[PDB]
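We've got the same protein chain twice here, in two forms, each standing alone as structure tokens: structure 1 and structure 2.
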Structure 1
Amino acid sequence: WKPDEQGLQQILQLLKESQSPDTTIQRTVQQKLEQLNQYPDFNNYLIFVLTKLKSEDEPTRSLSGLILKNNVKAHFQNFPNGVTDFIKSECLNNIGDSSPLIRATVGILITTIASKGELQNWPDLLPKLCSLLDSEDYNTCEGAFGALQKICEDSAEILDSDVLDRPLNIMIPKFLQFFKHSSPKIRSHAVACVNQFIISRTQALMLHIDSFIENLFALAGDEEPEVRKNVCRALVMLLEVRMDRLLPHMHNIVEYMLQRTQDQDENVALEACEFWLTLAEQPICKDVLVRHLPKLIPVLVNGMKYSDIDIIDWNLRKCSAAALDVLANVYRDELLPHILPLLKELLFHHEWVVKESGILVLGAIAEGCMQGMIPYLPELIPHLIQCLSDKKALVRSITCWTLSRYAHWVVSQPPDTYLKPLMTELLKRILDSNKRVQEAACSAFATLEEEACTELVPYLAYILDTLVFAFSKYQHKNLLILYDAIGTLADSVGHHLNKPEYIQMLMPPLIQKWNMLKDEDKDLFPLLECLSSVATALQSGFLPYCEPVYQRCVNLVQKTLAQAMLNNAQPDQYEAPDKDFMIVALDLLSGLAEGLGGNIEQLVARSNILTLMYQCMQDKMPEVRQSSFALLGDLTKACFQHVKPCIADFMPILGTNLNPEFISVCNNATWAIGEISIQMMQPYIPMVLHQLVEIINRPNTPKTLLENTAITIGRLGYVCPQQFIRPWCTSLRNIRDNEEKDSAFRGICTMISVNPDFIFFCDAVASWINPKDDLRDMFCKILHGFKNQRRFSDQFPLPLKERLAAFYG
């Protein structure tokens, strides 16, 4: 409305000065704009220069537009409506400016406005844009489509929200009118728009699906890459949610996608390749592939080679390899006749790129085809071992990974034939001069450590020699993997790590990196998780190290809780904290408490850990509760004297976290209640027992959750209970003989004495591999008691019948 000459000359002057090649003039223009941007009339001038000053050249008009855009995304709340509306009007009025740079700038402006200040503060953006599609001038329709496309991209919840009153029941049938359109750009926009609303199963589209699918087929023949790409990705998404609709055309579709997977445009080929990934998740995959699988496997295998440019994330190679992995899991051994001739031509090829693809294939199919591959492994594994010292780094690294994919088989064979040389050469490769090899080797060794477990004990010194040595060699990316390897080693070899030499060489560099990291460095996550395992493993010895670690961890929990409260108080000024610092800190405290046990009392005596835990147990985030209940169980065992005052408060929460939807929260709560039981509690039993019985009869997690529930129910055995013995026995008969099993069986003996039942499982379960004498006498006293109280015992399998004469017949 009111641009005056002095103002215009001054702002144009500032834009010219901002375009100076001189670096100092730029920095002071920066502070000058810094000040000016907070005055709305300045924004009025900026938009005026963008849209009205035809006189000025394009980079000036565009720079004005972009500065304005930055202001509209750090200061838009404080914009009054008169200026906002002047910008809005001028944008929609200039959306099709004949300069591409101006057009693009206006576009960023529109989309950034819609973004920062939500789509309803602009009630009429979409309607005008939509009507602007029908306009004559090409640039106008192109610009409007571009804007809509961006809006649909990031503002996708336009249908599920319904804030602007069904903002898609108009647009979608309008996009589908433009599939037919003469210009490739507009077709592309139309499809890219619609595509945003497929996986959501958006009503407006779903009730137009036939028109959609038909127009897509009509488009299949299009040679403009962006259209092919978008059709391809349309079909891929459609395949996930409306399978029914495309069954009748699947043969022709598979033919099309298989053609496009071989497309010369990398992007088309990649979008096509997604088809195999998502098709492999549908149960009709085999039936649909019967006519095409023989061609499909070699195309994927061939696409798994590194690209020419890659020889220097998601790409054709990775997609193809993932597709092969899933197909291997679908077809299992039926795939091997398709894949073995390719492997024979690839694994020994003289061109390293081809060999590399072969090793990749060999790894990819491992999970699905493991059984079928066993016959060939006595030849392939030694060969892979040789490849570990291939002179091409990318061969070494992929070999590392594939071997790790066959670690189980390697471990199950005699150690000297495969395991020993593999571990030796993996260790060598950990100290490779190539960083990709280094991390591949460390990761693969971690996987092997995990599978081998105790089988590593004899090589412990050489392993530690290498892992420690890696500290001085490794950069940042790779220290993370190194910590994971140390952690898994400690978990694998347990207490065997507790030797003075090992502690002295391992701990100092761990503390060294501990001292470098600040409480805000995410690189704490692997180190602390490593320390937790080391602490649990080093049981006796860590003592000289616990103090700073305990304090720092507790402190991290404290400051996390603080930041969370502060953010809950003022979200617009204080960042929500990353709760992983808290989860990891709890997890290390759990490990410390398990390792040191009772010897952590002195540290807990000086601590508010229980008061922090009280808030952790009530956290919204499941992993925080799971960690806090774990720490609760460990401290219950280690130093109950500090916990007892809190039990009356803690128990109703444990009672409210016996929800099997969260397996590990429910589990850790249950375990906690078992440990606390042993230290105690009649009034708390009713709030927990019914749920535990529900959990033990539930047809899910027939493993660790049920055993702990059983143990806990067993522990709650020292009460007047009133079945559940069927799954209890079923669950507990399969666990190793330890203290927990003892406690639970004492409970079942006391409980049977009070309400004797007519479903012997107990007897089958009673077959203890060497129970302590008092527990045995309890058993044979109850058994003998029943015998004093057959055709039924005829049904005992021989091992049972025989065992129950050695101890109690």
Structure 2
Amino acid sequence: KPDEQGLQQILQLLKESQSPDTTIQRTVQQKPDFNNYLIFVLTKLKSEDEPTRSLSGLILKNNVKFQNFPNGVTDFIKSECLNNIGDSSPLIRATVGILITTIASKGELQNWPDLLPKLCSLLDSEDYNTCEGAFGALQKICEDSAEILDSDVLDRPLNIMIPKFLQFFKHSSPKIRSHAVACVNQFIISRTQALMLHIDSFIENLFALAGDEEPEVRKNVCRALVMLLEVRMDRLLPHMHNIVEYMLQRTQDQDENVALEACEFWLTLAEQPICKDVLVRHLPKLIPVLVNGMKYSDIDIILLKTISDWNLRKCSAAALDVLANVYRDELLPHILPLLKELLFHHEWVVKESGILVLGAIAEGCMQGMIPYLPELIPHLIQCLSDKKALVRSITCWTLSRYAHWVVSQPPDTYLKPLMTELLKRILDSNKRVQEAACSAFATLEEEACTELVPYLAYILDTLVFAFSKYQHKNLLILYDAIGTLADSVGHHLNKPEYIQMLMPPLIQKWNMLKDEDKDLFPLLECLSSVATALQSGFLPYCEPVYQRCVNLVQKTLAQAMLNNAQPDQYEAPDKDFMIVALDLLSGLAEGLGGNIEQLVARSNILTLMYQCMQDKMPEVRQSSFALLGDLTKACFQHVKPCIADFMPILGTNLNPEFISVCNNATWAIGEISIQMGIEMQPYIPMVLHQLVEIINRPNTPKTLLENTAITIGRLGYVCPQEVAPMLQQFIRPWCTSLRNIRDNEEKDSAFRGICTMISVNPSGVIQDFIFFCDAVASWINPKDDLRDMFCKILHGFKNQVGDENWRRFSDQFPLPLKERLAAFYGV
């Protein structure tokens, strides 16, 4: 008792925490490991107090968290722990437990390979405490472990261990019973063969435990049944309706944990094909139950005095959003009656929950809701002013979920009142209503567009005011709102009275922020929306903005190089700085057009751009390719020298695995065509084949297809002798794309391409000439220049095939098309 009797009093005084020992003894110990475990395991008999003995064990627990575990005396602690996992004093047992669990969690401890083998072996103990102490640690380890546990870590085949776990479902105490269920649950997603072969046993045993008085067993059963829904659907399908009715009861469970875990069942079931048919009959009972879980109570006092990221309220609501998307209109009979009372009922809480329901319903049952909108929208606009903060918040959201309908009616009746009321809500409330209103307004902007121009001064005063009013969190939501405005109003925003108020706060944040602060992302993305909309109005600001953006890109690239050469010595850069600076540069390029040429000429932007296009990160390439097309269009003078360099990369990136990169590549190629003319010829081979491949590819987003259709067209218009050879292969999808798109200068230029391509290879269209006619028939108002081309081609084929064949062919026509083409082009 030389080192021990001195250390035994340094923890006894460390307990009595005044101002002295809370800083003196806490820092004295942190400058040992062996004796602390001697105190927790050996002296923690009569000799010392339990609180004292467990405390030295807990400082040890904190010590473990590198040079401590790699030591050879770590083996003494570890040995000492497993000797008494089942200590009769619950406190010391609990200490040993968190000490074991922590040591093992220190990097999947393979310096402790005796651990799991000894634990599984200790499950078969007779001392309940030893059994439950081991099962306790085993559960925590199974759950923390990133991988699942092999027979190599266990020292028994899972073929033995899985059914051994299932045995403990059948008898022990409730503690063990759930320890057991938790353990077997760790083997469901990995589809462990041992478990799959023991499926019917696991399931049978699960039903046996369903109804267990202990909540922890119950939630584990729900948790288990949810996992099996995704992994092993075939074995639940026979018992489904019987499972559903169990889960329905569990969603309603006395205990909030079980309720949430059960509630997750519906979210999971909804994702499965069978969901529609299987659930129908239970809707009469499920929906009333979900809706009920969507109020609050204890929650309530926390929000006005935040709450959890995920809980029963959000889950039920989330479940209801999905279910709506499943049944759509068919759901409304089950929801509307209940919704009718809620929306007006009680005060505060019951009403709020009804407003939540209405928004949740939206996406799914949008069509079936239209009828009820003319009377509900005004009631919601009316609710925006409610006395209670939380009723205002949810109302903002629910309205945003019907923004599209509001926009489609006469702007005076719904939009104007809503927009007026929304602009008010953005300010002065609490932080929660600010966020909801501002966010909701950004949605409305995106949907309204030109319709906002009337109110632009009042809009712009609101948002700019909020800049001073708001605070970090809500400010990022404001950035989005200002950004959306710019986008949704375009050049209309360029007026000195608007510029002189919007710019100063944006520049203030610009100078305040430093290049390493991730607060630049929302700010700069905002400015790229603004610079584009303000066009040449941005001129006074472009100089410093450009210079900074290039620097950010240069530095990110530089940092990425260092990291590549010395991964263990240089930190990888946050590439979001690069993605954002590129996007702002492209926004300058669009708004400023030719006025950017000097800045580009005098910079090293294109050299940098070149490395960006080669970056591993799709988002980085995507940004640069957009910038490429923007520069191609604004100052090709400076781009052209690099055309030989960029095109091979452009060709590589014509790969639809990354829809957004491939789109921007495609779009840049076409914009390069316009610019080069007949010089494009050498480059077409490395591009055309891939483009015809993606236009012919099934299940491809409308945007990608359209851009490919325009790019082929432009490549045609510029090199007919190159692209026409392949006309027969792409015209079918080509027409299909641009057929649905309205008239536009871009669609115009793609057709002019097809026309010059036909007038070289008329054979290429014959096989699908039907579509090319439909394509010509889609045009509501062609330019006089285009009209002639279409006639000369259409009549030109009537001339070739013969008047007899032309009549028989133009008979299989859908009737309106026959009339459309007959009237408009004289057929």
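Residue 1 is the first residue of structure 1, and the numbers go on in sequence order from there. Think of the rigid core as the biggest set of C-alphas that the two forms share within 1.5 Å after superposition.
Of the residues listed here (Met621, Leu207, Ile284, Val457), only one shifts its CA by 2 angstroms or more between the two structures after fitting on the rigid core, and it is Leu207. In a rigid-core overlay of the protein, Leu631 has its C-alpha displaced by under 2 Å between the two structures. Core-superposed comparison between the two structures: the Cα of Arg396 travels less than 2 Å. Relative to the superposed rigid core, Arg429 undergoes a CA displacement smaller than 2 Å between the two structures. Core-based superposition between the two structures puts the Cα shift at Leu497 at 0.4 Å.
Core-based superposition between the two structures puts the Cα shift at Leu66 at 6.3 Å.
Core fit done between the two structures; CA of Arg245 shifted by 1.6 Å.
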